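Novice: For reference, the file final_1.txt (compact mmCIF, N, CA, C and O atoms) is included below:
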# COMPACT_ATOMS: atom_id res chain seq x y z
N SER O 1 -61.18 -32.53 -86.72
CA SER O 1 -61.10 -31.13 -86.39
C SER O 1 -62.50 -30.55 -86.29
O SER O 1 -63.27 -30.61 -87.25
N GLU O 2 -62.84 -30.02 -85.14
CA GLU O 2 -64.14 -29.45 -84.91
C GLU O 2 -64.02 -27.95 -84.79
O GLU O 2 -62.99 -27.44 -84.34
N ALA O 3 -65.04 -27.24 -85.20
CA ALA O 3 -65.00 -25.80 -85.17
C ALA O 3 -65.89 -25.23 -84.07
O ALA O 3 -65.97 -24.02 -83.90
N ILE O 4 -66.59 -26.11 -83.33
CA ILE O 4 -67.40 -25.66 -82.19
C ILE O 4 -66.44 -25.10 -81.14
O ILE O 4 -66.63 -24.00 -80.62
N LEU O 5 -65.42 -25.87 -80.86
CA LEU O 5 -64.31 -25.44 -80.05
C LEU O 5 -63.14 -25.32 -80.99
O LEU O 5 -62.52 -26.33 -81.33
N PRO O 6 -62.87 -24.10 -81.49
CA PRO O 6 -61.85 -23.86 -82.51
C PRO O 6 -60.45 -24.30 -82.09
O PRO O 6 -59.79 -23.66 -81.26
N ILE O 7 -60.01 -25.41 -82.65
CA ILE O 7 -58.67 -25.88 -82.40
C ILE O 7 -57.72 -25.17 -83.34
O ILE O 7 -56.55 -24.94 -83.00
N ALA O 8 -58.23 -24.80 -84.50
CA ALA O 8 -57.47 -24.08 -85.47
C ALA O 8 -57.46 -22.60 -85.13
O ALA O 8 -58.29 -21.81 -85.62
N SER O 9 -56.61 -22.26 -84.22
CA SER O 9 -56.39 -20.92 -83.73
C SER O 9 -55.01 -20.91 -83.12
O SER O 9 -54.66 -21.85 -82.40
N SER O 10 -54.24 -19.90 -83.40
CA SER O 10 -52.85 -19.84 -82.99
C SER O 10 -52.70 -19.70 -81.46
O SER O 10 -51.65 -20.04 -80.91
N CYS O 11 -53.73 -19.24 -80.82
CA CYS O 11 -53.69 -18.97 -79.40
C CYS O 11 -54.22 -20.08 -78.50
O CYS O 11 -54.98 -20.97 -78.92
N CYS O 12 -53.81 -19.97 -77.26
CA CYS O 12 -54.17 -20.85 -76.18
C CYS O 12 -55.13 -20.13 -75.24
O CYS O 12 -54.72 -19.26 -74.47
N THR O 13 -56.40 -20.44 -75.35
CA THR O 13 -57.41 -19.81 -74.50
C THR O 13 -57.67 -20.67 -73.25
O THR O 13 -58.43 -20.31 -72.36
N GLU O 14 -57.00 -21.78 -73.20
CA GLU O 14 -57.11 -22.70 -72.10
C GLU O 14 -55.76 -23.28 -71.83
O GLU O 14 -54.93 -23.35 -72.73
N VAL O 15 -55.51 -23.64 -70.59
CA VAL O 15 -54.24 -24.24 -70.21
C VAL O 15 -54.46 -25.42 -69.29
O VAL O 15 -55.55 -25.61 -68.75
N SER O 16 -53.44 -26.23 -69.15
CA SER O 16 -53.47 -27.39 -68.29
C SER O 16 -52.94 -27.00 -66.90
O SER O 16 -53.07 -27.75 -65.92
N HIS O 17 -52.38 -25.79 -66.83
CA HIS O 17 -51.80 -25.18 -65.62
C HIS O 17 -50.52 -25.89 -65.18
O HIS O 17 -49.42 -25.44 -65.48
N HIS O 18 -50.68 -27.00 -64.50
CA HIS O 18 -49.57 -27.76 -63.97
C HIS O 18 -49.27 -28.93 -64.88
O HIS O 18 -50.19 -29.62 -65.35
N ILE O 19 -48.00 -29.19 -65.12
CA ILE O 19 -47.61 -30.21 -66.06
C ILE O 19 -46.33 -30.92 -65.60
O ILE O 19 -45.58 -30.40 -64.78
N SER O 20 -46.11 -32.11 -66.12
CA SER O 20 -44.94 -32.91 -65.80
C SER O 20 -43.95 -32.92 -66.98
O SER O 20 -44.37 -32.78 -68.14
N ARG O 21 -42.66 -33.08 -66.68
CA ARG O 21 -41.65 -33.03 -67.73
C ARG O 21 -41.73 -34.13 -68.76
O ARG O 21 -41.36 -33.90 -69.88
N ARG O 22 -42.19 -35.31 -68.39
CA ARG O 22 -42.29 -36.41 -69.37
C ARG O 22 -43.09 -36.02 -70.62
O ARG O 22 -42.81 -36.48 -71.72
N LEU O 23 -44.09 -35.17 -70.44
CA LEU O 23 -44.79 -34.58 -71.55
C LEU O 23 -43.98 -33.45 -72.18
O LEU O 23 -43.83 -33.37 -73.39
N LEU O 24 -43.44 -32.60 -71.34
CA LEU O 24 -42.71 -31.42 -71.76
C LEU O 24 -41.52 -31.75 -72.64
O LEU O 24 -41.24 -31.08 -73.61
N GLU O 25 -40.85 -32.81 -72.30
CA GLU O 25 -39.68 -33.26 -73.03
C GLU O 25 -40.05 -33.67 -74.46
O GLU O 25 -39.20 -33.77 -75.32
N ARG O 26 -41.34 -33.91 -74.68
CA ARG O 26 -41.85 -34.29 -75.99
C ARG O 26 -42.20 -33.04 -76.81
O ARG O 26 -42.46 -33.13 -77.99
N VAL O 27 -42.22 -31.89 -76.17
CA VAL O 27 -42.52 -30.62 -76.84
C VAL O 27 -41.44 -30.21 -77.86
O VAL O 27 -40.24 -30.31 -77.59
N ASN O 28 -41.89 -29.80 -79.06
CA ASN O 28 -41.00 -29.30 -80.11
C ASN O 28 -41.13 -27.78 -80.28
O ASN O 28 -40.20 -27.12 -80.74
N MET O 29 -42.28 -27.21 -79.93
CA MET O 29 -42.48 -25.77 -80.10
C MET O 29 -42.99 -25.14 -78.82
O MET O 29 -43.85 -25.69 -78.17
N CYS O 30 -42.46 -24.00 -78.49
CA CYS O 30 -42.88 -23.25 -77.33
C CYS O 30 -43.08 -21.81 -77.71
O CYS O 30 -42.25 -21.24 -78.42
N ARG O 31 -44.18 -21.25 -77.30
CA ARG O 31 -44.42 -19.84 -77.49
C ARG O 31 -45.04 -19.25 -76.24
O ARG O 31 -45.91 -19.87 -75.62
N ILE O 32 -44.60 -18.07 -75.86
CA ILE O 32 -45.18 -17.38 -74.73
C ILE O 32 -46.25 -16.45 -75.24
O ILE O 32 -45.98 -15.52 -76.01
N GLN O 33 -47.45 -16.73 -74.85
CA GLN O 33 -48.58 -15.94 -75.20
C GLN O 33 -48.81 -14.95 -74.08
O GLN O 33 -48.82 -15.34 -72.92
N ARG O 34 -48.97 -13.71 -74.41
CA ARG O 34 -49.10 -12.71 -73.40
C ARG O 34 -50.38 -11.91 -73.57
O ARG O 34 -50.81 -11.62 -74.71
N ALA O 35 -50.99 -11.58 -72.47
CA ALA O 35 -52.11 -10.70 -72.45
C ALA O 35 -51.56 -9.29 -72.55
O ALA O 35 -50.91 -8.79 -71.62
N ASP O 36 -51.76 -8.71 -73.69
CA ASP O 36 -51.24 -7.39 -74.01
C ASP O 36 -51.89 -6.92 -75.27
O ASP O 36 -52.63 -5.94 -75.29
N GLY O 37 -51.63 -7.65 -76.33
CA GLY O 37 -52.22 -7.37 -77.59
C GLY O 37 -52.04 -8.54 -78.50
O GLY O 37 -51.87 -8.38 -79.71
N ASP O 38 -52.06 -9.71 -77.93
CA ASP O 38 -51.88 -10.92 -78.69
C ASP O 38 -53.11 -11.74 -78.49
O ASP O 38 -53.95 -11.82 -79.35
N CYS O 39 -53.23 -12.29 -77.30
CA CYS O 39 -54.39 -13.03 -76.89
C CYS O 39 -54.67 -12.80 -75.42
O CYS O 39 -53.75 -12.54 -74.65
N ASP O 40 -55.93 -12.92 -75.06
CA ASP O 40 -56.48 -12.48 -73.76
C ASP O 40 -56.08 -13.37 -72.57
O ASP O 40 -56.81 -13.41 -71.57
N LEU O 41 -54.95 -14.01 -72.62
CA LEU O 41 -54.56 -14.92 -71.57
C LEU O 41 -53.08 -15.21 -71.71
O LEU O 41 -52.58 -15.35 -72.82
N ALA O 42 -52.37 -15.27 -70.60
CA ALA O 42 -50.95 -15.58 -70.64
C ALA O 42 -50.78 -17.08 -70.58
O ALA O 42 -51.15 -17.71 -69.57
N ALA O 43 -50.21 -17.65 -71.61
CA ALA O 43 -50.10 -19.08 -71.69
C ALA O 43 -48.87 -19.50 -72.43
O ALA O 43 -48.30 -18.72 -73.19
N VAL O 44 -48.45 -20.70 -72.18
CA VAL O 44 -47.35 -21.26 -72.89
C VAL O 44 -47.91 -22.28 -73.87
O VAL O 44 -48.50 -23.29 -73.47
N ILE O 45 -47.77 -21.98 -75.13
CA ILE O 45 -48.21 -22.82 -76.21
C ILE O 45 -47.10 -23.83 -76.51
O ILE O 45 -46.00 -23.44 -76.90
N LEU O 46 -47.38 -25.10 -76.31
CA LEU O 46 -46.40 -26.16 -76.48
C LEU O 46 -46.85 -27.13 -77.55
O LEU O 46 -47.88 -27.78 -77.42
N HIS O 47 -46.09 -27.25 -78.58
CA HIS O 47 -46.43 -28.16 -79.66
C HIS O 47 -45.72 -29.46 -79.50
O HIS O 47 -44.51 -29.50 -79.33
N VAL O 48 -46.48 -30.50 -79.51
CA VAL O 48 -46.01 -31.85 -79.39
C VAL O 48 -46.48 -32.56 -80.64
O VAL O 48 -47.44 -32.09 -81.26
N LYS O 49 -45.80 -33.60 -81.07
CA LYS O 49 -46.18 -34.32 -82.29
C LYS O 49 -47.65 -34.76 -82.28
O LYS O 49 -48.33 -34.68 -83.31
N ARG O 50 -48.16 -35.17 -81.12
CA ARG O 50 -49.53 -35.66 -81.05
C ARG O 50 -50.55 -34.53 -80.78
O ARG O 50 -51.66 -34.58 -81.31
N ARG O 51 -50.17 -33.51 -80.02
CA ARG O 51 -51.11 -32.43 -79.64
C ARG O 51 -50.37 -31.14 -79.35
O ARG O 51 -49.16 -31.14 -79.25
N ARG O 52 -51.09 -30.07 -79.20
CA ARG O 52 -50.53 -28.81 -78.77
C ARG O 52 -51.09 -28.53 -77.39
O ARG O 52 -52.29 -28.27 -77.24
N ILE O 53 -50.26 -28.60 -76.40
CA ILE O 53 -50.69 -28.40 -75.04
C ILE O 53 -50.38 -26.99 -74.61
O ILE O 53 -49.38 -26.42 -75.01
N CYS O 54 -51.24 -26.43 -73.85
CA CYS O 54 -51.07 -25.10 -73.38
C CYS O 54 -50.92 -25.14 -71.87
O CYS O 54 -51.74 -25.75 -71.19
N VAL O 55 -49.89 -24.54 -71.33
CA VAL O 55 -49.67 -24.55 -69.89
C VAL O 55 -49.49 -23.15 -69.33
O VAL O 55 -49.38 -22.19 -70.09
N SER O 56 -49.47 -23.05 -68.03
CA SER O 56 -49.29 -21.81 -67.37
C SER O 56 -47.79 -21.47 -67.25
O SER O 56 -47.00 -22.32 -66.85
N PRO O 57 -47.40 -20.22 -67.58
CA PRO O 57 -45.99 -19.77 -67.48
C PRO O 57 -45.52 -19.69 -66.03
O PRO O 57 -44.33 -19.52 -65.75
N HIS O 58 -46.45 -19.83 -65.12
CA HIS O 58 -46.18 -19.74 -63.69
C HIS O 58 -45.83 -21.12 -63.13
O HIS O 58 -45.61 -21.27 -61.93
N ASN O 59 -45.77 -22.11 -64.01
CA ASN O 59 -45.50 -23.46 -63.59
C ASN O 59 -44.02 -23.70 -63.34
O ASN O 59 -43.17 -23.42 -64.20
N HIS O 60 -43.73 -24.22 -62.17
CA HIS O 60 -42.37 -24.46 -61.68
C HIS O 60 -41.67 -25.54 -62.52
O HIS O 60 -40.48 -25.43 -62.84
N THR O 61 -42.42 -26.56 -62.89
CA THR O 61 -41.90 -27.67 -63.66
C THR O 61 -41.48 -27.20 -65.05
O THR O 61 -40.44 -27.61 -65.57
N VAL O 62 -42.30 -26.35 -65.64
CA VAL O 62 -42.02 -25.74 -66.94
C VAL O 62 -40.69 -25.00 -66.92
O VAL O 62 -39.85 -25.19 -67.79
N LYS O 63 -40.51 -24.19 -65.90
CA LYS O 63 -39.26 -23.43 -65.74
C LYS O 63 -38.05 -24.36 -65.57
O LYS O 63 -36.95 -24.05 -66.00
N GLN O 64 -38.27 -25.51 -64.93
CA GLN O 64 -37.21 -26.50 -64.74
C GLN O 64 -36.92 -27.11 -66.12
O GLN O 64 -35.76 -27.20 -66.54
N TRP O 65 -37.97 -27.51 -66.80
CA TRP O 65 -37.92 -28.10 -68.12
C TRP O 65 -37.19 -27.21 -69.13
O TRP O 65 -36.31 -27.69 -69.86
N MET O 66 -37.55 -25.95 -69.15
CA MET O 66 -36.97 -25.01 -70.10
C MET O 66 -35.46 -24.89 -69.98
O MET O 66 -34.80 -24.70 -70.97
N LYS O 67 -34.92 -25.06 -68.79
CA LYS O 67 -33.47 -25.00 -68.62
C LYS O 67 -32.79 -26.22 -69.24
O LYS O 67 -31.68 -26.13 -69.78
N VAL O 68 -33.45 -27.35 -69.16
CA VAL O 68 -32.92 -28.59 -69.72
C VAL O 68 -33.05 -28.53 -71.24
O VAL O 68 -32.15 -28.96 -71.99
N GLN O 69 -34.15 -28.00 -71.69
CA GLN O 69 -34.42 -27.85 -73.10
C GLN O 69 -33.59 -26.76 -73.74
O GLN O 69 -33.29 -26.82 -74.92
N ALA O 70 -33.22 -25.77 -72.96
CA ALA O 70 -32.43 -24.66 -73.47
C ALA O 70 -31.04 -25.12 -73.90
O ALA O 70 -30.41 -24.49 -74.74
N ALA O 71 -30.59 -26.23 -73.34
CA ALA O 71 -29.27 -26.80 -73.63
C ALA O 71 -29.13 -27.28 -75.09
O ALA O 71 -28.03 -27.64 -75.53
N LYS O 72 -30.23 -27.30 -75.81
CA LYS O 72 -30.25 -27.70 -77.21
C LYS O 72 -29.45 -26.73 -78.08
O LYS O 72 -29.70 -25.52 -78.09
N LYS O 73 -28.47 -27.28 -78.78
CA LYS O 73 -27.61 -26.52 -79.66
C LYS O 73 -28.17 -26.52 -81.09
O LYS O 73 -27.76 -25.72 -81.93
N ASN O 74 -29.13 -27.41 -81.35
CA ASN O 74 -29.70 -27.53 -82.70
C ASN O 74 -30.46 -26.28 -83.01
O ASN O 74 -30.35 -25.71 -84.09
N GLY O 75 -31.22 -25.87 -82.05
CA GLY O 75 -32.01 -24.70 -82.11
C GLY O 75 -32.83 -24.66 -80.87
O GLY O 75 -32.93 -25.67 -80.17
N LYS O 76 -33.37 -23.53 -80.54
CA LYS O 76 -34.18 -23.43 -79.36
C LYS O 76 -35.59 -23.07 -79.78
O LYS O 76 -35.91 -21.90 -79.96
N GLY O 77 -36.40 -24.08 -79.99
CA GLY O 77 -37.74 -23.86 -80.51
C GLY O 77 -38.77 -24.18 -79.49
O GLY O 77 -39.77 -23.49 -79.34
N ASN O 78 -38.52 -25.23 -78.76
CA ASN O 78 -39.38 -25.63 -77.67
C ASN O 78 -38.95 -24.96 -76.40
O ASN O 78 -39.32 -25.38 -75.32
N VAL O 79 -38.18 -23.93 -76.52
CA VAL O 79 -37.70 -23.29 -75.36
C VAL O 79 -38.17 -21.84 -75.36
O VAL O 79 -38.12 -21.18 -76.40
N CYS O 80 -38.62 -21.37 -74.23
CA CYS O 80 -39.04 -19.99 -74.10
C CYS O 80 -38.23 -19.26 -73.05
O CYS O 80 -37.52 -18.31 -73.36
N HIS O 81 -38.32 -19.71 -71.81
CA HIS O 81 -37.49 -19.16 -70.77
C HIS O 81 -36.17 -19.88 -70.84
O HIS O 81 -36.13 -21.09 -71.03
N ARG O 82 -35.10 -19.16 -70.74
CA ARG O 82 -33.80 -19.77 -70.79
C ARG O 82 -33.26 -19.91 -69.39
O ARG O 82 -32.30 -20.64 -69.12
N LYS O 83 -33.90 -19.21 -68.50
CA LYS O 83 -33.54 -19.22 -67.11
C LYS O 83 -34.80 -19.39 -66.25
O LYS O 83 -35.87 -18.85 -66.58
N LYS O 84 -34.68 -20.15 -65.18
CA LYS O 84 -35.78 -20.36 -64.25
C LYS O 84 -35.82 -19.17 -63.31
O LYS O 84 -36.88 -18.58 -63.05
N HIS O 85 -34.65 -18.80 -62.85
CA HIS O 85 -34.43 -17.65 -62.01
C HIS O 85 -33.24 -16.94 -62.61
O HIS O 85 -32.73 -17.39 -63.64
N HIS O 86 -32.77 -15.87 -62.00
CA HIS O 86 -31.56 -15.22 -62.52
C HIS O 86 -30.36 -16.09 -62.14
O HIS O 86 -29.33 -16.11 -62.82
N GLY O 87 -30.54 -16.82 -61.08
CA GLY O 87 -29.60 -17.79 -60.62
C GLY O 87 -30.36 -18.90 -59.96
O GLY O 87 -31.20 -19.54 -60.61
N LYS O 88 -30.09 -19.11 -58.69
CA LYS O 88 -30.80 -20.07 -57.85
C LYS O 88 -30.11 -20.14 -56.51
O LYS O 88 -28.89 -20.36 -56.46
N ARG O 89 -30.84 -19.95 -55.46
CA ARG O 89 -30.28 -20.17 -54.15
C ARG O 89 -30.63 -21.59 -53.77
O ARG O 89 -31.74 -21.87 -53.33
N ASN O 90 -29.72 -22.48 -54.03
CA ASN O 90 -29.97 -23.89 -53.82
C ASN O 90 -29.14 -24.43 -52.70
O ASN O 90 -28.22 -23.78 -52.21
N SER O 91 -29.47 -25.62 -52.30
CA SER O 91 -28.74 -26.30 -51.30
C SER O 91 -27.90 -27.37 -52.00
O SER O 91 -28.17 -27.68 -53.17
N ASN O 92 -26.93 -27.92 -51.32
CA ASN O 92 -26.02 -28.91 -51.92
C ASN O 92 -26.76 -30.18 -52.32
O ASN O 92 -26.98 -30.43 -53.50
N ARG O 93 -27.16 -30.96 -51.34
CA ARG O 93 -27.91 -32.20 -51.62
C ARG O 93 -28.98 -32.45 -50.57
O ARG O 93 -29.81 -33.34 -50.73
N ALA O 94 -28.97 -31.68 -49.52
CA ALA O 94 -29.97 -31.79 -48.49
C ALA O 94 -31.06 -30.76 -48.75
O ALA O 94 -30.96 -29.60 -48.32
N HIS O 95 -32.07 -31.15 -49.51
CA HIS O 95 -33.15 -30.26 -49.87
C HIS O 95 -34.40 -31.04 -50.27
O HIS O 95 -34.42 -32.28 -50.21
N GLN O 96 -35.44 -30.32 -50.65
CA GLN O 96 -36.70 -30.94 -51.05
C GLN O 96 -36.80 -31.04 -52.57
O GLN O 96 -37.53 -31.87 -53.11
N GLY O 97 -36.08 -30.18 -53.26
CA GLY O 97 -36.14 -30.11 -54.71
C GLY O 97 -36.91 -28.88 -55.11
O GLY O 97 -36.64 -28.24 -56.12
N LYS O 98 -37.87 -28.57 -54.26
CA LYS O 98 -38.71 -27.41 -54.36
C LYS O 98 -39.48 -27.26 -53.05
O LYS O 98 -40.46 -27.98 -52.79
N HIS O 99 -39.02 -26.38 -52.20
CA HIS O 99 -39.68 -26.17 -50.93
C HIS O 99 -40.76 -25.12 -51.11
O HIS O 99 -40.61 -23.96 -50.71
N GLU O 100 -41.81 -25.52 -51.78
CA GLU O 100 -42.93 -24.66 -52.06
C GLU O 100 -43.96 -24.71 -50.96
O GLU O 100 -44.78 -25.64 -50.86
N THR O 101 -43.88 -23.74 -50.10
CA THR O 101 -44.80 -23.62 -49.03
C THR O 101 -45.94 -22.72 -49.43
O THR O 101 -45.71 -21.61 -49.93
N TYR O 102 -47.16 -23.19 -49.26
CA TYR O 102 -48.31 -22.36 -49.53
C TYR O 102 -48.43 -21.37 -48.40
O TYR O 102 -48.89 -21.73 -47.31
N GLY O 103 -47.95 -20.16 -48.65
CA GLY O 103 -47.92 -19.12 -47.65
C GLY O 103 -49.25 -18.91 -47.00
O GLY O 103 -50.21 -18.52 -47.66
N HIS O 104 -49.31 -19.18 -45.73
CA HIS O 104 -50.53 -19.04 -45.00
C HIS O 104 -50.81 -17.59 -44.70
O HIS O 104 -50.00 -16.89 -44.10
N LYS O 105 -51.93 -17.13 -45.16
CA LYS O 105 -52.33 -15.78 -44.89
C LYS O 105 -52.93 -15.73 -43.51
O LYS O 105 -53.72 -16.61 -43.15
N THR O 106 -52.54 -14.72 -42.75
CA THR O 106 -52.94 -14.53 -41.37
C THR O 106 -52.53 -15.70 -40.47
O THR O 106 -53.26 -16.68 -40.30
N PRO O 107 -51.31 -15.63 -39.90
CA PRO O 107 -50.76 -16.66 -38.99
C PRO O 107 -51.45 -16.64 -37.61
O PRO O 107 -51.08 -17.40 -36.70
N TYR O 108 -52.43 -15.79 -37.48
CA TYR O 108 -53.20 -15.61 -36.29
C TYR O 108 -54.65 -15.28 -36.65
O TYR O 108 -54.93 -14.13 -37.01
Is it possible to express this structure as structure tokens?
Specialist:
Amino acid sequence: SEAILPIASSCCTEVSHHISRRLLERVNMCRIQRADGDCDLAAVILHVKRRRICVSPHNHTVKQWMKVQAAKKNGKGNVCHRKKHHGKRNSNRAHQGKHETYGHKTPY
């Protein structure tokens, strides 16, 4: 444990931004950190047995993960969002899984 870069701090001043579920599924604790009067950055604090990873709440994979994790009846500790959307406008089976198009600014 080093104090040059304080690991012993409840907040997440840094994030990994984008993350995969194989890590997320290992998460036991989730907290939504908000820029308001808590800490100066909006982050998802994720506690894993080996490390505490901090990710961006804007991450699509996280929102997918949280729905799977929300299904836990034991308790919901590693879960923050219980819903990815209010619903989902999805397709049956002919889809991309996530048709995330980087909206091109100025089509001309």
Novice: For residue 41 of chain O, work out the shell of residues within 7 Å, counting all atoms listed in the file and skipping chain neighbours fewer than 3 positions away, then give it as a list in words.
Specialist: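 Near residue 41 of chain O, the qualifying residues are residues 12, 13, 32, 33, 34, 35, 36, 38 and 44 of chain O.
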Novice: For those residues, write N, CA, C and O atoms to a file as a compact mmCIF listing (two decimals), in the frame of the given file.
Specialist:
# COMPACT_ATOMS: atom_id res chain seq x y z
N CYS O 12 -53.81 -19.97 -77.26
CA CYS O 12 -54.17 -20.85 -76.18
C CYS O 12 -55.13 -20.13 -75.24
O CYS O 12 -54.72 -19.26 -74.47
N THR O 13 -56.40 -20.44 -75.35
CA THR O 13 -57.41 -19.81 -74.50
C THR O 13 -57.67 -20.67 -73.25
O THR O 13 -58.43 -20.31 -72.36
N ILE O 32 -44.60 -18.07 -75.86
CA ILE O 32 -45.18 -17.38 -74.73
C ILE O 32 -46.25 -16.45 -75.24
O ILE O 32 -45.98 -15.52 -76.01
N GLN O 33 -47.45 -16.73 -74.85
CA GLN O 33 -48.58 -15.94 -75.20
C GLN O 33 -48.81 -14.95 -74.08
O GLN O 33 -48.82 -15.34 -72.92
N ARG O 34 -48.97 -13.71 -74.41
CA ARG O 34 -49.10 -12.71 -73.40
C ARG O 34 -50.38 -11.91 -73.57
O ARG O 34 -50.81 -11.62 -74.71
N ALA O 35 -50.99 -11.58 -72.47
CA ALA O 35 -52.11 -10.70 -72.45
C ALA O 35 -51.56 -9.29 -72.55
O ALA O 35 -50.91 -8.79 -71.62
N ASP O 36 -51.76 -8.71 -73.69
CA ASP O 36 -51.24 -7.39 -74.01
C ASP O 36 -51.89 -6.92 -75.27
O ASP O 36 -52.63 -5.94 -75.29
N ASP O 38 -52.06 -9.71 -77.93
CA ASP O 38 -51.88 -10.92 -78.69
C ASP O 38 -53.11 -11.74 -78.49
O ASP O 38 -53.95 -11.82 -79.35
N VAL O 44 -48.45 -20.70 -72.18
CA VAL O 44 -47.35 -21.26 -72.89
C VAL O 44 -47.91 -22.28 -73.87
O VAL O 44 -48.50 -23.29 -73.47
Novice: Can you tell me, as number ranges by chain, which residues in segment 18-106 of chain O count as strand (DSSP E or B) by DSSP?
Specialist: O: 27-33, 43-48, 52-55
Novice: Between atom N of residue 76 of chain O and atom O of residue 54 of chain O, what distance in Å does the model show, to one decimal?
Specialist: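 So the answer is 20.7 Å.
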Novice: Using only C-alpha atoms, which of O:11, O:23, O:5, O:53 sits nearest residue 37 of chain O?
Specialist: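 Counting only C-alpha atoms, the residue closest to residue 37 of chain O is O:11.
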Novice: Which residue out of O:90, O:96, O:78, O:61 has the minimum interatomic distance to residue 45 of chain O when only N, CA, C and O atoms are used?
Specialist: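 Closest residue, counting only N, CA, C and O atoms: O:78.
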Novice: Atom CA of residue 100 of chain O and atom C of residue 87 of chain O, how far apart in Å?
Specialist: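 Atom C of residue 87 of chain O sits 15.9 Å away from atom CA of residue 100 of chain O.
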Novice: As a PyMOL selection string, please: the residues near residue 84 of chain O (cut-off 10 Å, only C-alpha atoms, same-chain neighbours under 6 positions excluded).
Specialist: chain O and resi 60-67
Novice: Quick one: write out the picked residues with N, CA, C and O atoms as a compact mmCIF listing (two decimals), in the coordinates of the input?
Specialist:
# COMPACT_ATOMS: atom_id res chain seq x y z
N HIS O 60 -43.73 -24.22 -62.17
CA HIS O 60 -42.37 -24.46 -61.68
C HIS O 60 -41.67 -25.54 -62.52
O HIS O 60 -40.48 -25.43 -62.84
N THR O 61 -42.42 -26.56 -62.89
CA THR O 61 -41.90 -27.67 -63.66
C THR O 61 -41.48 -27.20 -65.05
O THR O 61 -40.44 -27.61 -65.57
N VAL O 62 -42.30 -26.35 -65.64
CA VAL O 62 -42.02 -25.74 -66.94
C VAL O 62 -40.69 -25.00 -66.92
O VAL O 62 -39.85 -25.19 -67.79
N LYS O 63 -40.51 -24.19 -65.90
CA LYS O 63 -39.26 -23.43 -65.74
C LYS O 63 -38.05 -24.36 -65.57
O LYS O 63 -36.95 -24.05 -66.00
N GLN O 64 -38.27 -25.51 -64.93
CA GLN O 64 -37.21 -26.50 -64.74
C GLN O 64 -36.92 -27.11 -66.12
O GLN O 64 -35.76 -27.20 -66.54
N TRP O 65 -37.97 -27.51 -66.80
CA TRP O 65 -37.92 -28.10 -68.12
C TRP O 65 -37.19 -27.21 -69.13
O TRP O 65 -36.31 -27.69 -69.86
N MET O 66 -37.55 -25.95 -69.15
CA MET O 66 -36.97 -25.01 -70.10
C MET O 66 -35.46 -24.89 -69.98
O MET O 66 -34.80 -24.70 -70.97
N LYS O 67 -34.92 -25.06 -68.79
CA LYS O 67 -33.47 -25.00 -68.62
C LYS O 67 -32.79 -26.22 -69.24
O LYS O 67 -31.68 -26.13 -69.78
Novice: Once you count all atoms listed in the file, which residues end up no further than 5 Å from (-41.9, -22.2, -78.1) in the file's frame, shown as an NGL selection string?
Specialist: :O and (29-31 or 45 or 77-79)
Novice: May I ask which of the residues O:73, O:94, O:55, O:105 is the closest one to residue 21 of chain O, counting only C-alpha atoms?
Specialist: O:55
Novice: Between atom N of residue 28 of chain O and atom CA of residue 1 of chain O, what is the distance, to one decimal in Å?
Specialist: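 Going from atom N of residue 28 of chain O over to atom CA of residue 1 of chain O, I get 20.6 Å.
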Novice: Point out the residue among O:68, O:8, O:24, O:39 with the least atom-to-atom distance to residue 82 of chain O, counting only C-alpha atoms.
Specialist: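 Answer, going by the shortest atom-to-atom distance: O:68.
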Novice: Mind the document's chain letters and residue numbers, and return as an MDAnalysis selection string the residues of chain O that DSSP labels helix (DSSP H, G or I).
Specialist: chainID O and resid 21:24 60:70
Novice: Between O:69, O:10, O:91, O:20, which one has atoms that come closest to residue 43 of chain O, using only C-alpha atoms?
Specialist: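 Result for the nearest residue to residue 43 of chain O: O:10.
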